[PDB]
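S.K.: For now just these chains, pulled out of the complex without moving them:
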Amino acid sequence: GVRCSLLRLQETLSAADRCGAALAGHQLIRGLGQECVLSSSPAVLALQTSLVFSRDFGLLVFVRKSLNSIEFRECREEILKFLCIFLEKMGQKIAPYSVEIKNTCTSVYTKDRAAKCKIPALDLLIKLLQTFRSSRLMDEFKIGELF
Amino acid sequence: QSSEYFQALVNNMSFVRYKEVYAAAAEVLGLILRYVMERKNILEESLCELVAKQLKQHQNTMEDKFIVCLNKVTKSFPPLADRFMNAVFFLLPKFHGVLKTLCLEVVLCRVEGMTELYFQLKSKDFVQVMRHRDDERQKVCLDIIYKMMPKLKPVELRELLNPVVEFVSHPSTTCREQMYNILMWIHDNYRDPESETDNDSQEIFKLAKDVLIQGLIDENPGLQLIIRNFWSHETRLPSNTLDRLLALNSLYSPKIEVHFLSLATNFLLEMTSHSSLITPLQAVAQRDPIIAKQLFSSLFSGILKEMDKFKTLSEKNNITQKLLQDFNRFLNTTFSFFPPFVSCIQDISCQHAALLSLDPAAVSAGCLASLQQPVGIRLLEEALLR
């Protein structure tokens, strides 16, 4: 039933009235958090993690877009503290979608101002690097620049 | 003296400190107000205005406990909204949580003694607070709509039956019970005995026909039994023998065809009155579709053979032309193809010598993706003969 609210959230933001987009985004992200964790059939869980992860549309590009604002704080905060329950509904099968989340959280930290949302970016990075241990999967992340 | 007792009570109500004390204060204040309302002798017109001045002193400096206390007081006393109706309608917007539920539960008890009600609630973007997934708000708003409907004009009633019949994906049997009660009102009272006064007063009749049929596949028993006992009444489907069959096509609505055969024999057999054998047939019918197909396809030919005495020759052409038209309509309007139904219409049409000329452009298009080809071939060959 999803991707309706995804494209609704994607398209409702471009115009004015930047409190209406906030309340609609709160309602629809609550809808996604209700209607994606409830499902349990594993191929359909793969369908959901292939539905919310697209290179053109989705949550990563939607949180990439409206960061040059101040009104999209509650929805972005709900997204960034929802992804640390989505990294624990699933596991190391997300590993070919990892470096984009790392760059997302890194720019969201070094770009924003308020620590109502700056800390959960470090929460996602401190969950992710705790998970994906010292292996081949530590050579993508340039630790020599992160340090 | 009586003039210090209740003053101490209401001054304690002014102690805005604890969830127990002022809530219990407002509750028993409502109770004593109700008993002196029935006991109309004296001592009302002091403490009414005493709690009213306490509330007016309460309102400007605090609002949360004001609306909680007013809700608690009008939980058992009606007419203490008349001093605050513009107040509650004023600060109804821009509350959330349980408090908006408190405001709407206040205003439920005063939508009878009001004039010019709809403009305010339409100004309060009511179509946004009928679209939030809390349950008590969505029950109480339908409960006020069941009271604020029968004073309205159709040019806004058509605006009101646009977001309330998106509740056919709803839990909570009482919420859908209210929803299938307001529509049961609206179809009962917009029957238009040749009125035809509008397009909208014939638009909401159609979009109220659309749900009072589609709610016969409810994922709950009993709630279906309500609607079935309503449909088996007078002035819905008449009850001689044939008129129920003659009207029974028009409640088709291809959201339901899966159940339609079992429903047809169910309504057909409801008007029944060496007895014990007919009721197991309706027991077996609604799980095995095949014997439902055979039961309908035998009742049909039995009626249409025993009507050569009654409803004679000049009526037969009218009835056969309408049934031919209606079978055309069935096959043209179905979207989900059902094999022990498609075979049912093409196995009753291939017997009577007036319906053989059914629909040669649509019968093949049905039976090519219904995968019931050896009755369509038989139908076209028997029509190609004679």
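M.R.: Sure, I can see it. Numbers count the residues shown, from 1 in each chain, chains lettered A, B, ... in the order given.

S.K.: Could you find the closest non-adjacent residue to residue B:304?
M.R.: Leaving aside its chain neighbours, residue B:304 sits nearest to residue B:352 (6.2 Å; criterion: C-beta to C-beta, 6 or more residues apart in numbering or on different chains). Any C-beta I mention is one placed from the backbone N, CA and C, and that applies to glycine too.

S.K.: Give the burial count for that neighbour, as a bare number.
M.R.: By other C-beta atoms under 10 Å in any protein chain shown, 14 other residues sit near residue B:352.

S.K.: So it, which state does it fall into?
M.R.: coil (DSSP: H, G, I helix; E, B strand; the rest coil).

S.K.: in chain A, which spans are helices?
M.R.: Along chain A, the segments classed as helices by DSSP state H run A:4-11, A:20-35, A:42-51, A:59-65, A:74-80, A:83-89, A:98-111, A:118-131, A:143-146.

S.K.: how about those, which one is nearest residue B:255?
M.R.: Ranking the helices of chain A by proximity to residue B:255 (C-beta to C-beta) places helix A:4-11 first, at 20.4 Å.

S.K.: From the contact counts, what lies against that closest one?
M.R.: With contacts defined as 3 or more C-beta pairs under 8 Å, 6 or more residues apart in numbering or on different chains; DSSP states H and E, helix A:4-11 has these neighbours: helix A:20-35, helix A:59-65.

S.K.: so can I have a markdown table of those showing mean neighbour count and distance to residue B:313?
M.R.: Shown next, in a markdown table, are the helices and strands packed on helix A:4-11 (neighbours: other C-beta atoms under 10 Å in any protein chain shown; distance: least, C-beta to C-beta, whole Å):
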| stretch | mean neighbour count | distance to residue B:313 |
| --- | --- | --- |
| helix A:20-35 | 17 | 61 |
| helix A:59-65 | 17 | 71 |
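
S.K.: throw chain C onto that model:
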Amino acid sequence: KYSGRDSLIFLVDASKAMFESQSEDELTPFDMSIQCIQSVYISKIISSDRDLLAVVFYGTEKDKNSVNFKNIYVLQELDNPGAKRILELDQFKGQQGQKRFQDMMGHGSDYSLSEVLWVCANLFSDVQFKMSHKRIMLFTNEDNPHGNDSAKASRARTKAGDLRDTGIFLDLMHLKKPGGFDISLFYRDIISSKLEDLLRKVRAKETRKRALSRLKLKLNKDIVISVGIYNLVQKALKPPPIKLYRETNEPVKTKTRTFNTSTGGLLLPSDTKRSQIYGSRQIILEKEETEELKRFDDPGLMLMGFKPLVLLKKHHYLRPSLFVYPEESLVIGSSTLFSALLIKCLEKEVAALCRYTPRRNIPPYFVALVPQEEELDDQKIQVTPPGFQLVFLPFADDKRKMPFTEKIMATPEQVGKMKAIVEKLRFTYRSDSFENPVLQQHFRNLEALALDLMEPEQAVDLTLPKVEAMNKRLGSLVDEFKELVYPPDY
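M.R.: Adding chain C to the chains above:
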């Protein structure tokens, strides 16, 4: 409420007659109303720039609102004052502005009723902040909009009763159709002319009420009284100079560091110490020791006995005097002792001496606490605060000394001539009104690039004296007042 705000709906009449020139050739009341609106926004853009404003025209042909009733059209939503909103409101002047209003809406209809009060109420019923004042300054002229039917007037006064139920206060600005009090019609069971004040007495001010400190005073060691220490001469100046990136109109938000021990890299603030240097010897400290040596007492006030009001000369001061007052927030019931001590200080003229440490870590300063009592009359003339005032005293190196070796006499003839001069130049000093030259020319200079009218309006100086108006007030006694007993004559 402290961070609470005040709204303002400006309702403008345009049906038939206010657009008329009154068969005159001076000015129309419509453009007079637009003068008043643009002046109050050009004032509150820098005076009180967080109030909530709105402007609504009623009676016209079109209608755009959120409820869709006739003859009601708004242009602004309840918001902060926006310079773009006043650069679109300034175009409605002159004949071409009147033409612009006429070709974007026109005017004239069977105009509004109770429903314009309804759209004011639903304009108020939507904004989620805190409200303290809610005033409607209506701009209309006529005195019977119910000139044909009584149900209009009955429902209008009932609707005004329901708006005064929640208490929304409206008080119009009546235009000058007779120039004053003649048309005293029945517009009196709604409400409970003067426009030059709104035109120019609001130039540049600020409004705030905080507390600045909440301390305690100790008499012996165990008499604790909770006081608040307010400031009443704020010593204001200009808002801060933000830095801006050149082309894309953005801030910079620069950074800073310290490194380079001739090796490169980066050094943290953990390895940093402080030092002082005398010639060769350098005394080294840590920053904890540097902030430690300015520690002498706790935060508070300390009583040190009393004094009579005769020795503390008004020659002595070093600080803008503060004001102190007791509050019943920390220590319960200390205003009782404060009221008693106030009564006996005003009955026995005595004033206290104390030792002051305001913040949590500061060297002390000796203060003196002086009593003070209110003044009042029937017009709520509250002009002086009841409480104590804090005069600040110097200690050791402040009072320097002059060479002191000068003394000559004079002769008593010039006293009466100087009395004549001071009585020629006599005036009661003030009650207000000595506004700031630099700040006034700065805010008008900012206004010139804000609204781009033409140019900097030359803000008139007021600190200079009127030299001719004291020349002619004096007369020709100047030369005798020079050389009556002291001729220079080179």
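
S.K.: Please reconsider the neighbour count of residue B:352 now that chain C is part of the model.
M.R.: Neighbour tally, residue B:352, other C-beta under 10 Å: 14.

S.K.: And for residue C:210?
M.R.: Neighbours of residue C:210 using other C-beta under 10 Å come to 9.

S.K.: doesn't residue C:2 make contact with it?
M.R.: Yes - at 7.5 Å, residue C:210 counts as touching residue C:2 under the criterion of C-beta atoms under 8 Å.

S.K.: in the stretch 301-450 of chain C, which spans are helices?
M.R.: C:335-348, C:414-424, C:437-451 (DSSP state H, counting those that start in this stretch).

S.K.: Distance to chain B and mean neighbour count for the ones you listed - can I get that in TSV?
M.R.: Compiled in TSV, the helices of the stretch 301-450 of chain C are given as follows (distance: least, C-beta to the nearest C-beta, whole Å; neighbours: other C-beta atoms under 10 Å in any protein chain shown):
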stretch	distance to chain B	mean neighbour count
helix C:335-348	22	14
helix C:414-424	55	12
helix C:437-451	33	15
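
S.K.: what's the closest of those helices to residue C:192?
M.R.: helix C:335-348 (34.1 Å).

S.K.: Send me that closest one as CSV with only the CA atoms.
M.R.: Taking C-alpha atoms only, helix C:335-348 is exported to CSV below (Å, rounded to 0.1, in the frame of the first residue of the first chain):
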residue,chain,number,x,y,z
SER,C,335,7.7,41.3,51.5
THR,C,336,6.1,41.7,54.9
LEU,C,337,9.5,42.4,56.5
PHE,C,338,10.3,44.5,53.4
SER,C,339,7.1,46.6,53.8
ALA,C,340,7.8,47.1,57.5
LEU,C,341,11.4,48.1,56.9
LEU,C,342,10.3,50.4,54.1
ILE,C,343,7.8,52.1,56.5
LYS,C,344,10.4,52.7,59.1
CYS,C,345,13.0,53.8,56.6
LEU,C,346,10.6,56.4,55.2
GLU,C,347,9.6,57.4,58.8
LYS,C,348,13.2,57.7,60.0
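
S.K.: then add DNA strand D to what we have above:
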DNA sequence: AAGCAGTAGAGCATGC
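M.R.: Just below you will find DNA strand D, in place on the chains above:
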């Protein structure tokens, strides 16, 4: 200084 929210040590009702 005002104020604004949200965590969280701290208890009650319940299961194995």
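
S.K.: ok, so what distance separates residue B:192 from residue B:154?
M.R.: Using C-beta to C-beta, to the nearest Å, residue B:192 is found at 11 Å from residue B:154.

S.K.: Of these two, which one has the most company?
M.R.: The neighbour count for residue B:192 versus residue B:154, taken as other C-beta under 10 Å, is higher for residue B:154 (18 against 12).

S.K.: quick one: the residue of the stretch 151-300 of chain C found nearest DNA strand D from residue C:325, how far?
M.R.: Proximity of the stretch 151-300 of chain C to DNA strand D (C-beta to the nearest atom of the strand) peaks at residue C:211, 3.4 Å away. For residue C:211, the distance to residue C:325 (C-beta to C-beta) stands at 9 Å.

S.K.: what do you get for residue C:154?
M.R.: Distance of residue C:154 to residue C:325, given as C-beta to C-beta: 51 Å.

S.K.: And residue C:356, by the same measure?
M.R.: The value you get for residue C:356 to residue C:325, if C-beta to C-beta is used, is 16 Å.

S.K.: More neighbours: which of those two?
M.R.: Using other C-beta under 10 Å as the criterion, residue C:356 and residue C:325 rank with residue C:356 on top: 20 against 15.

S.K.: Show the contacting residues for that one.
M.R.: C:301, C:302, C:364, C:365, C:366, C:367, C:390 (C-beta atoms under 8 Å, 6 or more residues apart in numbering or on different chains).

S.K.: Thanks a lot, see you next time.
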